[PDB]
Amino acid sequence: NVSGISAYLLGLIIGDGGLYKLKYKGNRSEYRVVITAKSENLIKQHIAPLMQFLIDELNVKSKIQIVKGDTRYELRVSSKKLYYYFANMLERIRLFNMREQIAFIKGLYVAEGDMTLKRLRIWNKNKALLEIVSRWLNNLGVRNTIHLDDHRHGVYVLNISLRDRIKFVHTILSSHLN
């Protein structure tokens, strides 16, 4: 139940954010768990309290920074402990249980899927990661294909078959699993 919420946030983080190990001069350093998003509302009102809860549970001390940018808002937690918590979880992604599979995919979709829903698509330059989401989806009964969408930027797309749309939306985008 903390694993699930983590799985979700990790999707957002990979999708619209980053994991940053900075080195300064010196020998100063910083470690950031970052999700950036356009709706200063969404961040403050849905993403942040999820992350907050995780922070409290992992007994992390860092605060949640929300920095206004020109084009988007940025949720940022500066924390060595949290950085490694996510980075480590990333390397272990292939072993996600079902609950986490679903949560991670939902987070990834919310960050960079087709949100119009006229089509079901997930974009990403990381074929290997799409490959893993593809296998999980095949196991959930949701057919799909991967090809290179954007020849310009090396960006792949995972196309979910509208044949299986209900299954995908009802058991993933509309899941209460947390």
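Note that residue numbering begins at 1 and tracks the sequence as displayed.
When the two stretches 168-176 and 3-11 are set side by side, the higher mean Cα temperature factor goes to 168-176. Mean CA temperature factor is higher for 43-51 when stretches 120-128 and 43-51 are set side by side in the entry.
Between the residues 137, 111, 66, 33, it is 66 that shows the highest Cα B-factor in the PDB record. Remark: residue 23 belongs to the middle third of its chain, ranked by C-alpha B-factor as recorded. In the PDB entry, residue 80 places in the lowest third of its chain by CA B-factor.
The deposited CA B-factor of residue 96 belongs to the middle third of values across its chain. Ranked against the other modelled residues of its chain, the C-alpha B-factor of residue 59 as given in the entry falls in the highest third.
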